[PDB]
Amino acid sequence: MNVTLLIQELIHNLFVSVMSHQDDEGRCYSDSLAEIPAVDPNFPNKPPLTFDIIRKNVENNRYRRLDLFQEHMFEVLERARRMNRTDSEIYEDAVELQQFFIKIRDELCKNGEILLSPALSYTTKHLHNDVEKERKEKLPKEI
């Protein structure tokens, strides 16, 4: 559909950037998250959400707020982290994508003079702290 908001353009740019992010061998990180189930059986009441579902919303300009877009993206990435071992490709790709998401989010918001968004309350430092805590929790279970 038709972009009527700066934030829709920003969200599209952010989504494409994150989905296209590649490792040093040109492997797309998002590829390993293609088969993540839409519903974690441990949390069966959360609405189905996948990158395919978020894409459809992004392309049809359905996100009019950064915080909702970030919430959905973080649901998927956090599910991939929860459901997989710290030594796995999926886990590590999910963390990398989440870190990259924050980096590009911040850059686009600076460029667009987006200051107020509640999405910006969750910083790179918060993500580092939260990932480090999860790694520590998970370690003994992976022995």
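One-based numbering along the sequence shown.
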Entry B factor averaged over C-alpha atoms, 53-61 against 32-40: higher for 32-40
Going by the entry, of stretches 94-102 and 41-49 the one with greater average Cα B-factor is 41-49
Scanning 21, 133, 12, 126 for peak Cα temperature factor in the entry gives 133
Binned into thirds over the chain's modelled residues, the C-alpha B-factor of residue 76 lands in the lowest
Split the chain's modelled residues into thirds by Cα B-factor; residue 116 lands in the highest
Here the Cα B-factor of residue 88, set against its chain, lands in the third termed highest
On the chain's distribution of Cα B-factors, residue 109 falls within the third called middle
